[PDB]
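Asker: PDB entry and its sequence, pasted below:
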Amino acid sequence: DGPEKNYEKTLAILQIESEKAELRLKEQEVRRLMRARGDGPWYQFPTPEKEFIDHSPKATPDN
Amino acid sequence: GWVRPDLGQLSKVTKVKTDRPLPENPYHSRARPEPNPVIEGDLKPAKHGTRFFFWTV
């Protein structure tokens, strides 16, 4: 086919690999920041549920 | 002229009328910090596949 086909294919391959490397580094930094301070969707450790707290009036008023 | 209550009369709710204002903050609750900023958007596919080493797809 000629040298231009291999040239442009190499450029496309390099762009794909560079974007993948950038995204991998971004993923590492995002995971580290989330686990350091959990504020995104990931590393959300559980907590006792609100929906099983009895809010009805008790036998004792001081509750 | 007093009448003794029946078998099941003293043991029911009463709906007493009062003018004392309703306490707006029982238990002296704190600020209740806001939840995490949930991410919204369309679910696009993963960029360049799984990006797991040499796997292209």
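Answerer: That came through, no problem. Numbers count the residues shown, from 1 in each chain, chains lettered A, B, ... in the order given.
Asker: residue numbers of chain B in contact with chain A?
Answerer: Within chain B, the positions near chain A by CB under 8 Å from any CB of the partner chain are B:36-39, B:47-48, B:51. Heads up, the C-betas are built off the backbone N, CA and C, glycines and all.
Asker: now those residues as CSV including neighbour count and secondary structure?
Answerer: Rendered in CSV, the data for the residues of chain B next to chain A read as follows (neighbours: other CB atoms under 10 Å in any protein chain shown; DSSP: H, G, I helix; E, B strand; the rest coil):
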residue, neighbour count, secondary structure
B:36, 10, coil
B:37, 9, coil
B:38, 7, coil
B:39, 7, coil
B:47, 11, coil
B:48, 15, coil
B:51, 16, coil
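Asker: now, which of the residues you listed sits nearest residue A:63?
Answerer: Residue A:63 has its nearest neighbour among the residues of chain B next to chain A in residue B:36, at 30.6 Å by CB to CB.
Asker: how far does stretch A:44-60 sit from its chain's centre?
Answerer: In terms of CA atoms, centre = their mean, to the nearest Å, the centre of stretch A:44-60 is set 30 Å apart from its chain centre.
Asker: what's that stretch in contact with?
Answerer: Surrounding stretch A:44-60, the residues in contact under the criterion CB atoms under 8 Å, 6 or more residues apart in numbering or on different chains are A:38, B:36.
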